Every structure is written in C-alpha cells, then in structure tokens.
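[1] requesting a structural model of the entry that follows:
(10 chains)
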Amino acid sequence: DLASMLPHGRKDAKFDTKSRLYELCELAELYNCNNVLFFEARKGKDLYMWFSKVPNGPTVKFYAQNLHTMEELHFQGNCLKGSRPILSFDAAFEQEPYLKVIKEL
Amino acid sequence: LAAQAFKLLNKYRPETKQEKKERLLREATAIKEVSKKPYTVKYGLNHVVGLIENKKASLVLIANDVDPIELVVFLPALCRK
Amino acid sequence: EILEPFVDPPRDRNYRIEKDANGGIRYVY
Amino acid sequence: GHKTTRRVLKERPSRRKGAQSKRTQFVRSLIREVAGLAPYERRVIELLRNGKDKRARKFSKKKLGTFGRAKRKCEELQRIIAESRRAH
Amino acid sequence: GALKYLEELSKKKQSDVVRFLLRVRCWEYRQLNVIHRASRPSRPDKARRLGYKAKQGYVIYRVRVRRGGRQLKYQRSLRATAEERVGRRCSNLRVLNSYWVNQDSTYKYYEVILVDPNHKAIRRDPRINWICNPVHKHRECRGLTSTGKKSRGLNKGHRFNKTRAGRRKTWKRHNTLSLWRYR
Amino acid sequence: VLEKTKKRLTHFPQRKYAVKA
Amino acid sequence: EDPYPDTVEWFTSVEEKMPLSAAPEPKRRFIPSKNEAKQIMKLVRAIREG
Amino acid sequence: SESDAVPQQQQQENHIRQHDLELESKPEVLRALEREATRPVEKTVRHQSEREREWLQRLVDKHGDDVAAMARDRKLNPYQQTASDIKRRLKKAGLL
Amino acid sequence: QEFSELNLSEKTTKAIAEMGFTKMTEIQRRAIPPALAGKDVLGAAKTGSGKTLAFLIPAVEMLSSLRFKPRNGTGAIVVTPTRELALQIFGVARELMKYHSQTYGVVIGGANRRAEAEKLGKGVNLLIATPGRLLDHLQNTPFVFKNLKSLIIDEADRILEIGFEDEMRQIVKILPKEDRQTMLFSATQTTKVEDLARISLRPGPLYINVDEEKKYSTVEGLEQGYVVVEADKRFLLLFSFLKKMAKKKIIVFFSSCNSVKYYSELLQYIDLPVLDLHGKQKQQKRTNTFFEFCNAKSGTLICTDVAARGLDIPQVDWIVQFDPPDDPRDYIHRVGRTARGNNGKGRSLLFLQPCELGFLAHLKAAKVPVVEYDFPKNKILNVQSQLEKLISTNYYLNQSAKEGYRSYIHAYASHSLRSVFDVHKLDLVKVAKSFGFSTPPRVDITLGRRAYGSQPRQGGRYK
RNA sequence: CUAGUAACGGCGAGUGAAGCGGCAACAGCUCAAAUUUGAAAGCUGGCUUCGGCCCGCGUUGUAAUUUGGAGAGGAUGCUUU
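    Numbers count the residues shown, from 1 in each chain, chains lettered A, B, ... in the order given. Take a look at the structure below.
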C-alpha cells in the first residue's frame, strides 16, 4: 500500500536477517536510492519500521501497531495512484527536536 | 611411445592369483623347515589419484574410453597441477 | 643503505574521517 | 535468574560441519577450472570485465534468488578474473 | 579420492563439461526403452553415497517419467512414480533408493538401485541382510524410500506436527473418544 | 554379525551384577 | 559474442610442491606385511595338520 | 580448607581401569552373592607363540641385553619395533 | 647456600638431585625465596645463568601445595619469545615434574593449532607459550585459566624487540590480576620494558641486577668466515667438512632441538662418531656429554644455538653455524670471541645460501671483516643416494626427518632478521633434499577500503 | 492432564494442536566421504573322498579401520580375550 503511493521508489523483499544493517546501505547504493523504508518483523507478529538516509543520514526505529490496509471494505475512499500528496504535520512535530528530524525524514 | 611405455610397464606387472598362492606356499613350507619392497604398477582410481595427490607417482597413464568419462576427466588437470 | 647495523629496515580509502556527536569517530561517504 | 557457577566445555567436533579443510578448497578450485562456467555465470563474467558491476550484481540476484548469494557468486567470479590475468 | 571430485562436479551441473554430457546422454536414453537397465551407474558417486556396491545382487535401472501436472497436482513425486515402475517390473528385487540422472522438456530420468534378497552374497552380508526380511517387501509402494519419507513429512519439530508419525494415525488418535472405567 | 560388533561384544559383554539394599 | 570460448588455466598454471595430505604415514608402509604374515601361518597350520 | 572452589575435590577419595571396577544381620542370599563375588579367580595367563620366543631367542643371542641395538637392526627386527616394546616382550619370555 | 637447605617438598627435592644440580647459581639463590614468599620480583639476568630453574621452582612448588589437577586448568603461564627457548623450558619442566602429578604443556607458533586446543581443554597446569599463539588461544579456545597464580615473562626485552608489543598488552588485560605472582626477567633495561613492568607487576617490585656491565664488544678484533652453499648441498658440506677435518675439535650449531636429534641418528647410521646435546636427553646426561667433550682432544658436539648461550665453550678449533643464528649480536660478537679462544688459532664459519647474501651487507655496514671459504665439487662426498634409501626404508629416521624439516622451516619464518632470512625465498624442494627427501613434506609458511555506511560499534555483547 | 488453551475463521455454525509436567517402556547403531598399496586380505558358483580344486564377480573398489558431543597416526604402559 505504501509503495503504491511513492512513484519514486522500488520494492524488495526477503532480506536476510543474519546479514548486517549496513549491508542495507550497500543494497540501496546498488539500486541507486538515497532513502530506505525497512520493514523488520519479529516472531512473525511484531513489525518494526526503519527510516534512514542511506550514505550518512540519521536513522529512526519505530514499532508499528494497529495496522489497517486498503483491502478492508469499510474504508470507502480512493486516490490517484502516484499523485502528489499533501503532507499534513502537527504543531508538536514543529517544536520538539526529535520529532523535527523525523519530519525531515 | 606406447610400446616403450608398455615395455617398462610389463617388467613391473603385479603377481597373479596363481604365483602369489605359490609364493605364499614358499614361505609357509620354509617356516616349517629377508625380502625387500615389492614394486608393482599401481592401479585403481582412488588409489592412483591418492598417489598423485601425495606426489608419490612418477608417471600416470590414462585410458581414453572410460564409459562414465567424469571418473577421469579431472585427471589430466590434477596431474598437471 | 642500511643505516642501523642489524635491525630490520623500517617499512587507499573511500571515505572521510571526522568526529561524531559523542566525541568519537564517524565517516562521510 | 539463579546464580550457578559456569563450566567451560570441550570443543564441539560438529562445529563448522561444512568443509574448511585445505584439501577441499583444492578440489573446488580444480573442478571450477575444469568445468568452466554456467551460461548465467558467463554473463556475469562479461559484465564484470566490462565494468558493469551493478548490472552483474542485479543479474545474480534475479538468477540465484537472494542478495547474499549474489554477493557470494560475484565475489567468486571476480576472484576468477583476478586469477586469470595473473596467469596471463 | 576420485568421488570427492565427482561430488564437486555433480554440484556444478549447468557448466560446460557436464551440460555437454547431460545433452548427449539424454539423446541416448530417449531412444532406449523406458525401464531399461544400466550395467554401471551413470553417477558412481551418487550411487555409492546411496548404498550401491559393486557386488552380485545389486543392479541399476534407468526410468523415464513424464513431467507435468496431473490445475490438479499429483501428490506423488516423479521419483516415487519412477520407483513404483521398477518394482512392478523387477518384482523379485527390493528398491533400495533412487537418484536423478537427467532432465528434458518432456521427461525426467532417474536411476534406481535394486537389491536381490535371494542371492547368497546379500544374505551373508549383515549390512544389507536387513532388506531380506519380509517387512521390506515393496518399500517404494508404502512410501518407505527417501522420496516417500519426504512426501510423508517424516521430520521432527513444531513444523511437522500433523505428519511426524503418520497423518492417518495422528488423525485417528485425535478423533478417538477415550472413555475410562472410573469416569 | 559384523567384525566390528564382534570385537566390541568380546571385550565388553553384558556383565552380571546386583545392587544392595 | 564468442559462443564457446577458450579455457584459461588460472589454477593449474601454478604448481605447488608439497602433497596435500599432512597426515603421518602409517608404519605399515615401511615394514613387511602383517596381513600376509597371518596368511602364511594359516598355510603353516594347514600343512602341519596335513 | 580448599583453595580452588571445586565441588569435585570434596567428593574425591588420567586413565582408569577399563574392563573391571576396583571395589573396596544380613540376608543369606545376599551373603552368598558376596561370596562368589569375592571368590579367587584363576589367572589363565597368555603365552607367547613358538615363533615369538624363537624371534626373541635369535635377538638376545646376537645383541644381548642392549635393547637399543635390537631396535635399529633390520635383519632380526624386520617389523621395526620400539626397544621398549621388545624390552617388555623379553620380560614376558624371561630373558633379561 | 645450596638447594638442600632451602625447604622444598620431597618431590621437588628428589627431582633436583636427579639432575645433579646442588649449588645455587646467584640468581636462583636470591630470587627463589622472595618468590616463594609471594613477592613479585624483577630480574636483570642473562640467558643461561640458571634463570630457567629460578622461576620453575616457585611455580612447581605452588602447584603441588595448592594441589592442582587437570580439571582446574592453568596455574602458571611462562611467556617465551621464540620456539626453541620455550622447548628448553619445557625440557627442564619435565625433569622438574617427573615426581609430581601436575601437568605441563607447550604452546608454540607453527604447531598444530587444533591439537593444542584439545591439549589445553583437557587441562594443562603449567603452560609455556609464545605470546602470539597464547593470545589466539585466550580469545578463541575454551580452556580454564581462571585459577592462575603466577605469570613468568622470560627475556621480556627480546619479546618487545621481536614485535610482540600489542600482544603483551592484550595478555595482561585478559589474564586475571587478583592474587597473582608475577616475574619479569630481562637483560637490557630499555624504556619499553619499563612500561611492560608497570602494567603487569604489582606496585612494589623486588628488583635485582647482575647484568654483565663489562660487555667487551669488540668491532675490530674479530674475523668471520662464511661459505656460499647451495640449498640442497648444505648437509653434504657438513658431512664432508666433518669427516675430512676429523681428529680435530669442532662445535656445530643448529636452530632446533628436533634437527639436532635427527642429525645425531643420521651420523651414527653413516658411521661418524659424534656427540649430541639436545633437549630431550636427561639433564645428567647433558653434563656428562659436555664434560666428556671438554676434556677430550678431538671430536664433535652437535648442539643448538639456544643451549650454547649458557654454555662455556672450551678451546675448539672450528665453530660451525649450519643454521641461521637466533641473535646475530650474540653470534657475531661472542662466539667470534670464543672462536679465537685466548691464544689458539680458531675460526668460525657461517653457512650461507645464495638467497642470504644480504647478511654480507650488514657485515660491511658494521665494519667487521670476512673471509671466503670455497669448496671444490670433487670433495663433496655424494651420499645422497644412500641417504634417500635410509629415509625411505627406516620409519624412526623418517619421523625425525619430518620433525627436523618442520622445526627448521618454522624457525626460519620466526626470525627477527626477516630481510636477510625469510621463508619466501627458500625453495622447499632443495631444503627437503638436504634433509633427505625426494618430495618436501607439507608445512605452513604463513604460520583500507571498508563497507558503505559502516560506523564503529557503539556497544553490545560479543564473543 | 495441557485444553476446548494458543492459533484460524459467512468471527455465526464452528474448527482446533504443541512444548513443559506425571507415568508405561527404554537400546542403540551401519554407511559415503581416507591409499591394504610391504602384496583384493573379500564374495557367488559347481567338482569333490569333502580335505580343497578350479570358474567367475570385482580396482569404474569386494574385506579390515572409521561415522563429528567423533575419529585416525605414532608413542606409551596397564588392562581384555
């Protein structure tokens, strides 16, 4: 669902967990991408979302929760695939430092 | 070159089942009433390639018609290495 | 040219080296 | 949890149960030189001499299946090209 | 140590020397019979690893099996179909194991190791006299070969819970109403 | 039986023993 | 593309001088054969018994 | 006292004997079972073969009591046995 | 004061009398009672002054008093810079612990690594080790060193000079420090041995110098001989030199204990009456063989370079250096002195391969004169055919041939003078040809741009 | 017993295990990957007075040794048939 909203991105799967986290840096350099959105699953039940800028930029760990995707029929809304979004942010995104570098990502 | 190789190789033929049985009968009846190392041509694939891996072989002669050819297809490179 | 008599005679990168926020070592590729 | 004094253990003889012997590296290197290359490996070789390392790495991903196998195959083939000019 | 070299060569089977051999053998095997016999194994290292010896009572047979679906899929493997066809041909022999030897766009080629339980070299040898016993009649028909043990899920773990003792035995155990005397 | 299993059973057979109370 | 190429010896072009096996040689390769010495004395026992 | 805290030392009393175990108002059947347990057993000693004593008798007559020279002599020691093995073998024959 | 009046155990005392050592040499007399009390000491002694017995007596005494077993692991660690000095220490430790129930073992470079780990895992109470493979075992192998009581650093100056700086610092970090004896023996008091002392020892040492300040280092009154000899003909030169210069006094040097043993049994089979002096003999036999040599008129002693450092070489006519020497400062200066032998006319020669001509440049840079010695090709007694026959048919002399070959190559690689002597210009076929082989036995000669977006490790548990 | 638990589902009907724990019974092993190479030592036949003769199989590998919480080789000194 997220990759259907980013025309400037490409998909990949089956990344070896026993590999190193900076081999994700080698992977995106090979595919010519300066950002990575990494989905790490623990136990087959817990999702961890990684945001980074691939050569040198900062990295944020998240823990995803309460997931709902387009296949549920109660959503009743639709948008042009690849169309440019209006990003809406918060006031607390603007003031506080650690969320402010997150808003950049 | 085949005839000269087989002239040397015939001189170092192994002992057949008859003259080995007689040779063991020699030492048995003499024990009732002193040898050096035997030198024979070595054969068998795993025996020969073990010998060439250990640099104990002087000359190796390979047949051209092994029906599964894979059993000898590494042999010219292994001998050359 | 053996200066000292009998000891042994004395005998690249894709990054830049600069310090991090904790006063350590980081790299710019 | 509970405080128990720990023991050292004798070395497992099942450790690294592949083949790290110096002899098995001789067999693997000798067979590769005798056998040659697969058709897919020949394409990765040709891209690596031409300098298209990114295209060779991506081709290995699609053919083998995982990225770590693409790194392994391209490393072995790059060492083949390195040893080829050493003999040359 | 010629068979270690053969093991490494068999791993590399799309390479130039082996793909040449696999091409010329497939042409030869195609024009022979379906269930013809082999005097010597085409892969002597795989036959040795699987239990074949150069002894009287051990024979090798080559089978071609048609490849493809039965979108219904036949749950029997092509190796299991190959093993069943030798046993119905060589009904006096016992199927020891089988291995892959060749491939095509229409057929798959397998080589099957058979043991004669009625030879005297076999009954004398305690490493192979177990197959002389009447429990091992037609192992390929009961899923008792390496192919059958794979398709029956005979492994251990949480991953093989339903099939680690037989699914029909486990389903009988899990669907049985056990009533005791002093309930 | 095999030779390797005869050599084992010759020198290490099932001994006969008892345990006191 | 050249369809089927020439093979370059990148491994056999160098020759190493030592055997691969570093294992010690057994004593059996330096002494008279114990296996035949058993066979001889079996032939002695058969000849003694007649 | 005990310096190194090993629990095995408190329980104590690099090879051990391998075919037997060295061991240091009650029912009659138990009393019998200890009696055939500790009854004396015949040794049933093992002798050397006739060729073995002839091999040693040939060796002692040539060299003597110098076991080192019997180890490095090819014509009477073709199996190239260590002098300590022949010394142990000579003691079994009775020759010094 | 002698060995008896210092109170030892009956097991230590009986083994001491078996060697014949009764009279305490000076370093043993004033450093063994301080170590027995439990005070860490510093020693400025010279190699061969009996200092090897000086630390093994307190080491053995504590093992027996604390009653160590194989399941308790290593109690004492003795760090030795090179292989053959460690093999000498292991030789005397075996004579020490012949009446004890403790375990001794040796860890050295070039040895079998996974055989040594099994040796260590079973339990070795007294361990003599090269600092390189000690650190490899300490970081990678599972074995007990948590009950360590003494640490011996023997020729600490030579350890630093070889290049074991970082290995010494990482060892003192990993080994336990609480309630540990420490000994530091050295010869010259450099700045580097001061930093090693301050980080390994307890804050109050007990230092003693007997270091010989009257070093008569002569740079002009000396003369060194040398032969240029092909690699496959070095033993044939030794054989022809010894048989033709027989009925004379000759001392010959080697590099390893295994090569001395092998060449001793060779020359007796080839019928040369020659005396040997190596580490695997009993100590009482070594004094008898050396005393019989000194009051002899003619003959030859085969002895390694390491055993002859502490040995008073008598008036000999020829000093022979078959192998590369351990310390060439020790070699060129002191045995050049003992070659002259006060009044006698004695000479010393050095066997050199064509790949070792760089030693001449060091000779010319040091301004000490040389003399060529040349051989005709009709004087070499070609006995290679009967040497190869004897190795190929005798199993004991074949075993010693492998051991002498491996010990020679391992010592060649672990040389300080890597420029003049390194193993990579040796051809192993000719080296094994001199040792008596058609084909060389297998040995191990060996024994930036980084990842994209890779930062150093902030923390975590690693093993 | 866990347990109608976890898990899956027109989340309705429903479906539906396992580790642990208490018992019953318990027993471990054979190969392939090694050069016997100072000696294919292995085996099927059918001819016999049966005591031992040939024929074949087999070196593209039949015996012995060994099967990775191992093992081999030397040395070593006790203990086993």
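
[2] ramachandran angles for residue C:18?
    The phi and psi values for residue C:18, taken as degrees, to the nearest 10, are phi -150, psi 170.

[3] next to chain D, which bits of chain A? Give me the list.
    Contact residues, chain A versus chain D (Cβ under 8 Å from any Cβ of the partner chain): A:14-16, A:19, A:23, A:27, A:30-31. C-betas here are computed from N, CA, C, even on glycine.

[4] out of those residues, which comes closest to chain B?
    Nearest to chain B, judged by Cβ to the nearest Cβ, of the residues of chain A next to chain D is residue A:16 at 33.8 Å.

[5] phi, psi of whichever residue of chain F sits closest to chain B?
    Closest residue of chain F to chain B, Cβ to the nearest Cβ: residue F:4 (21.8 Å). The phi and psi torsions at residue F:4 (degrees, to the nearest 10) take the values phi -70, psi -30.

[6] residues in contact with it?
    Residue F:4 makes no contacts at all, as judged by Cβ atoms under 8 Å, 6 or more residues apart in numbering or on different chains.

[7] residues making contact with stretch I:456-463?
    Applying Cβ under 8 Å, 6+ apart, the external contacts of stretch I:456-463 come out as C:24-25.

[8] the residue of chain G found nearest chain A and residue D:43, how far apart?
    Scanning chain G for proximity to chain A using Cβ to the nearest Cβ identifies residue G:1 as nearest, at 25.3 Å. Plainly put, residue G:1 is 10 Å away from residue D:43 if you go by Cβ to Cβ, to the nearest Å.

[9] try residue I:407
    51 Å.

[10] at contact distance from chain G, anything in the longest helix that chain I contains?
    When chain I is parsed with DSSP state H, its longest helix is helix I:395-413. Yes: Helix I:395-413 reaches chain G (Cβ under 8 Å from any Cβ) through I:395, I:398-399, I:402.

[11] could you export that helix as PDB, CA atoms only?
    Extracted in PDB, the C-alpha atoms of helix I:395-413 (Å, rounded to 0.1, in the frame of the first residue of the first chain):
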ATOM      1  CA  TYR I 395      60.500 -45.400  10.000                       C
ATOM      2  CA  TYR I 396      62.100 -43.800  13.000                       C
ATOM      3  CA  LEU I 397      64.600 -41.900  10.900                       C
ATOM      4  CA  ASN I 398      61.800 -40.800   8.700                       C
ATOM      5  CA  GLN I 399      59.800 -39.500  11.600                       C
ATOM      6  CA  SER I 400      62.800 -37.500  12.800                       C
ATOM      7  CA  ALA I 401      63.300 -36.300   9.200                       C
ATOM      8  CA  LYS I 402      59.900 -34.700   9.200                       C
ATOM      9  CA  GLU I 403      60.300 -33.200  12.600                       C
ATOM     10  CA  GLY I 404      63.700 -31.700  11.700                       C
ATOM     11  CA  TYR I 405      62.300 -30.300   8.500                       C
ATOM     12  CA  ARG I 406      59.300 -28.700  10.100                       C
ATOM     13  CA  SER I 407      61.300 -27.300  13.000                       C
ATOM     14  CA  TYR I 408      63.800 -25.800  10.600                       C
ATOM     15  CA  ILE I 409      61.100 -24.100   8.500                       C
ATOM     16  CA  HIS I 410      59.100 -22.800  11.500                       C
ATOM     17  CA  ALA I 411      62.300 -21.300  13.000                       C
ATOM     18  CA  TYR I 412      63.200 -19.800   9.600                       C
ATOM     19  CA  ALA I 413      59.900 -17.900   9.500                       C
END
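
[12] can you give me the buried ones in it?
    The neighbour-count check on helix I:395-413 (16 or more other Cβ atoms under 10 Å in any protein chain shown) flags I:395, I:397-398, I:400-413 as buried.

[13] what's the answer for stretch I:224-241, then?
    Buried positions in stretch I:224-241, judged by neighbour count with 16+ other Cβ under 10 Å: I:224-227, I:229, I:231-241.

[14] farthest-separated two in the residues you listed?
    The largest separation in these, counting by Cβ to Cβ, is between I:224 and I:232 at 24.4 Å.

[15] please enumerate the helices of chain F.
    Taking DSSP H, the helices of chain F run over residues F:3-11.

[16] find the residue at the geometric middle of it.
    residue F:13 (1.3 Å; Cα atoms, centre = their mean).

[17] need the phi and psi values for that residue.
    Torsion angles, degrees, to the nearest 10, at residue F:13: phi -90, psi 170.

[18] when you scan the lengthiest helix in chain H, is anything in it near RNA strand J?
    With residue count as the measure and DSSP H as the assignment, chain H has helix H:50-62 as its longest helix. No: using Cβ under 7 Å from any atom of the strand, helix H:50-62 never reaches RNA strand J; the gap is at least 12.9 Å.

[19] after that helix, next one along is what?
    Next along the chain after helix H:50-62, taking DSSP states H and E as the criterion, comes helix H:67-71.

[20] and the helices in chain D, which stretches?
    D:22-35, D:39-50, D:53-64, D:67-87.

[21] now those as a markdown table including distance to chain H and mean neighbour count?
    Shown next, in a markdown table, are those (distance: least, Cβ to the nearest Cβ, whole Å; neighbours: other Cβ atoms under 10 Å in any protein chain shown):
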| stretch | distance to chain H | mean neighbour count |
| --- | --- | --- |
| helix D:22-35 | 29 | 18 |
| helix D:39-50 | 53 | 16 |
| helix D:53-64 | 51 | 17 |
| helix D:67-87 | 45 | 16 |
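
[22] between these, which gets nearest to chain B?
    Chain B lies closest, by Cβ to the nearest Cβ, to one member of the helices of chain D: helix D:22-35, at 5.2 Å.

[23] check whether the closest one comes near chain I.
    No: interface with chain I: helix D:22-35 contributes nothing (Cβ under 8 Å from any Cβ), its closest point being 9.1 Å away.

[24] okay, the angle between that helix and helix D:39-50?
    Angle, helix D:22-35 to helix D:39-50, by axes from the mean of the first three to the mean of the last three Cα atoms, to 10 degrees: 90 degrees.
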